[PDB]
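1. I need the structure of the sequence given here:
(2 chains)
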Amino acid sequence: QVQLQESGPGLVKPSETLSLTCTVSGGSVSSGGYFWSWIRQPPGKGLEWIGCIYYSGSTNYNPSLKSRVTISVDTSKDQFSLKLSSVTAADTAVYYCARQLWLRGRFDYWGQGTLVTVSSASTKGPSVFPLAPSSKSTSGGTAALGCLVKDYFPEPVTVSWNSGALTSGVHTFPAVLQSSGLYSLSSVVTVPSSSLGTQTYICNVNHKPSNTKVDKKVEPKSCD
Amino acid sequence: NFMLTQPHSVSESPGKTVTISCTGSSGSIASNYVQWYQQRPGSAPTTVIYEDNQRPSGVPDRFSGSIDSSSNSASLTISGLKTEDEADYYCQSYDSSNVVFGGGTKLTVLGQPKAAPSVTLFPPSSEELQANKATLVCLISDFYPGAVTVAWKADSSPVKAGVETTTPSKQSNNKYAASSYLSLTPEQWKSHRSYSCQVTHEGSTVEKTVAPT
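-> Residues are numbered from 1 along each chain as shown, chains lettered A, B, ... in the order given. Dropping the coordinates below:
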């Protein structure tokens, strides 16, 4: 059959130019007389139509998105790309490259949606801090310990305990936007309090866009 | 200025029949073809009907669509609701060289019971203090329903500046999980005698406290 795969960076700065290219495998752009269209979808919102293109220069754009959508087709590389101008923070949507058989009809084949996030900061590494359990951190026969990930850009960040050997009781929370640009989250694991002083717990926080891997040991709090 | 109106929330128990509407404002609903798309969360949308009455090869027969052109409303009838039917439904149009989608109708199947909100409090670390930063982290876990209100306290005064909290998220054991973060300066951490995080869940309050030690 045929398939549609998108490329381009998943991040874009405000008031910049977006470059997302969708490539085609198993078919031909010019042959068959079909259309191409770009459709975006914000998280938790409905689908929004951006524009449609033919293998020739025919183009039609949404009236709300007019004078900002620039889409071109290069038949030599068997792909088409969309360029967006004046991207704001409200442009955060999942971009879908869907094949369209009938111009007034269905989008029969949909490509997988790339995530586009618009934020205003410089890509910075995370700051990992230990989360020391204590007497106030245990309720009953079990205790809790974790690791804090604060002031990083962008999503996502993965946290693994003991190089993935500890999975039971591990809770990784979704990130939340801080008061100034960056994100923050934590990953914690519930453990019986008997093995607090006899077992070593190390969290492994990885931030691929900033290329930072931080291993932080977790120990019980020492009163000073 | 043609927009498709869809019911935002639709719920029905499995095995029954539910009708999803799609009303056009200006243009008539029989003017252009209407396409319904069923999209799973975290997945690409898939076409489940086309030509307003024809089912594509692969979808079940139950995805039946009807057109009420007098009321300018497009209808999609679902019979025999199942677990996998829980997805976002969007209706499509074309207008005049400008494809217009629908508002979005979510299929609800129409669940663990109340769960105790275990609470853990963590003081700022010494390594963070050496970095001229401080953070109080409150953890909220193993609870149901997923609606917890947090309120930080500085000994007795409530704290709102620098408070960051997370929306509840479902756990592996059918319960929910949440967190709250209190950004603070190293001087403000030692200025007050103690800091506490109070969790209100279904009226009951679970409180933990921490002190600089």
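2. quick one, what contacts residue 174?
-> Unless you meant another one, I'm taking chain A. A:185, B:166, B:167, B:169 (C-beta atoms under 8 Å, 6 or more residues apart in numbering or on different chains). Quick note: C-beta positions are derived from backbone N, CA and C, even for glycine.
3. switch to chain B, please.
-> Residue B:174 touches B:111, B:112, B:144, counting by C-beta under 8 Å, 6+ apart.
4. quick check: of those, which lies closest to chain A?
-> residue B:144 (14.8 Å; C-beta to the nearest C-beta).
5. the nearest residue to the closest one once chain neighbours are set aside - how many residues pack around it?
-> Closest residue to residue B:144 apart from its sequence neighbours, by C-beta to C-beta, 6 or more residues apart in numbering or on different chains: residue B:115 at 3.9 Å. By other C-beta atoms under 10 Å in any protein chain shown, 19 other residues sit near residue B:115.
6. repeat for residue B:208
-> 18.
7. ditto for residue A:54
-> 17.
8. for it, which non-adjacent residue is closest in space?
-> Closest residue to residue A:54 apart from its sequence neighbours, by C-beta to C-beta, 6+ apart: residue A:35 at 5.8 Å.
9. which residues does the one you found bridge with?
-> Taking DSSP bridges, one obtains residue A:100 as the residues bridged to residue A:35.
10. which is the next helix or strand following the strand or helix carrying residue B:199?
-> Assessed by DSSP states H and E, residue B:199 sits inside strand B:195-201. Using DSSP H and E, the helix or strand that follows strand B:195-201 in sequence is strand B:204-210.
11. packing partners of that following strand?
-> Where contact means 3 or more C-beta pairs under 8 Å, 6 or more residues apart in numbering or on different chains; DSSP states H and E, strand B:204-210 is packed against strand B:118-122, strand B:195-201.
12. one more time with 10 Å
-> Secondary-structure packing of strand B:204-210 (3 or more C-beta pairs under 10 Å, 6 or more residues apart in numbering or on different chains; DSSP states H and E): strand B:118-122, strand B:134-143, strand B:149-154, strand B:195-201.
13. so which elements touch the strand or helix carrying residue A:160?
-> According to DSSP H and E, residue A:160 maps onto strand A:158-161. When contacts are defined as 3+ C-beta pairs under 10 Å, 6+ apart, strand A:158-161 packs onto strand A:142-152, strand A:170-172, strand A:183-192, strand A:201-207, strand A:212-218.
14. need those strands in a markdown table with mean neighbour count, can you?
-> Conversion of these to a markdown table gives the following (neighbours: other C-beta atoms under 10 Å in any protein chain shown):
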| stretch | mean neighbour count |
| --- | --- |
| strand A:142-152 | 23 |
| strand A:170-172 | 20 |
| strand A:183-192 | 22 |
| strand A:201-207 | 20 |
| strand A:212-218 | 15 |
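15. mind checking which of those is nearest residue A:116?
-> The minimum distance between residue A:116 and the helices and strands packed on strand A:158-161 falls on strand A:183-192, with 16.2 Å, by C-beta to C-beta.
16. got the angle for that closest one vs strand A:142-152?
-> Interaxial angle, strand A:183-192 versus strand A:142-152 (axes from the mean of the first three to the mean of the last three C-alpha atoms, to 10 degrees): 160 degrees.
17. ok, back up a step: so the residue nearest to residue A:54 sits against residue A:109, correct?
-> No - in this structure residue A:35 lies outside contact range of residue A:109 using C-beta atoms under 10 Å: 11.9 Å.
18. overlap in contacts, these two.
-> Common neighbours of residue A:35 and residue A:109, counting by C-beta atoms under 10 Å, 6 or more residues apart in numbering or on different chains, are A:98, A:99, A:100, A:101.
19. which residues touch the most centrally placed residue in chain A?
-> Taking C-alpha atoms, centre = their mean, the centroid of chain A lies closest to residue A:115, which sits 5.0 Å from it. Each residue near residue A:115 by C-beta under 10 Å, 6+ apart is listed here: A:10, A:11, A:43, A:92, A:93, A:94, A:95, A:154, A:155, A:156.
20. stretch A:48-65: end-to-end distance?
-> Start-to-end span of stretch A:48-65 (C-alpha to C-alpha, to the nearest Å) is 10 Å.
21. can you check stretch B:152-159 too?
-> 5 Å.
22. run through who's touching that stretch.
-> Stretch B:152-159 has contacts (C-beta under 10 Å, 6+ apart) with B:136, B:138, B:151, B:160-163, B:165, B:180-182, B:184, B:188-189, B:191-198, B:207, B:209, B:211.
23. before we move on, the earlier item: from residue A:178, how far off is the residue nearest to residue A:54?
-> 43 Å (C-beta to C-beta, to the nearest Å).
24. could you dump the helices and strands packed on strand A:158-161 into TSV with distance to chain B added?
-> Conversion of the helices and strands packed on strand A:158-161 to TSV gives the following (distance: least, C-beta to the nearest C-beta, whole Å):
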stretch	distance to chain B
strand A:142-152	4
strand A:170-172	5
strand A:183-192	6
strand A:201-207	12
strand A:212-218	8
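25. can you redo these as a markdown table with distance to residue B:8?
-> Formatted as a markdown table, these follow (distance: least, C-beta to C-beta, whole Å):
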| stretch | distance to residue B:8 |
| --- | --- |
| strand A:142-152 | 34 |
| strand A:170-172 | 30 |
| strand A:183-192 | 29 |
| strand A:201-207 | 37 |
| strand A:212-218 | 41 |
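26. can you pull out the helices in chain A?
-> With DSSP state H as the definition, chain A shows no helices.
27. please read the previous query as pertaining to chain B.
-> Ranges of helices in chain B, per DSSP H, are B:126-130, B:186-191.
28. which of the shared contacts of residue A:35 and residue A:109 count as buried?
-> A:98, A:99, A:100 (16 or more other C-beta atoms under 10 Å in any protein chain shown).
29. excluding its backbone neighbours, what's nearest the first one?
-> If the residues on either side of it in the chain are set aside, residue A:98 comes closest to residue A:107, at 3.9 Å by C-beta to C-beta, 6+ apart.
30. might you report the residue contacts of the nearest residue in space to residue B:69 that is not next to it in sequence?
-> Distances taken as C-beta to C-beta, 6+ apart place residue B:30 nearest to residue B:69, at 3.9 Å, with adjacent residues excluded. When contacts are counted by C-beta under 10 Å, 6+ apart, residue B:30 touches B:24, B:52, B:67, B:68, B:69, B:70, B:72, B:74.
31. tell me the two of those residues that are most distant?
-> Between any two of the contacts of residue B:30 (C-beta to C-beta), the greatest distance is 14.8 Å, for B:52 and B:70.
32. those two: which is more packed in?
-> Using other C-beta under 10 Å as the criterion, residue B:52 and residue B:70 rank with residue B:52 on top: 19 against 9.
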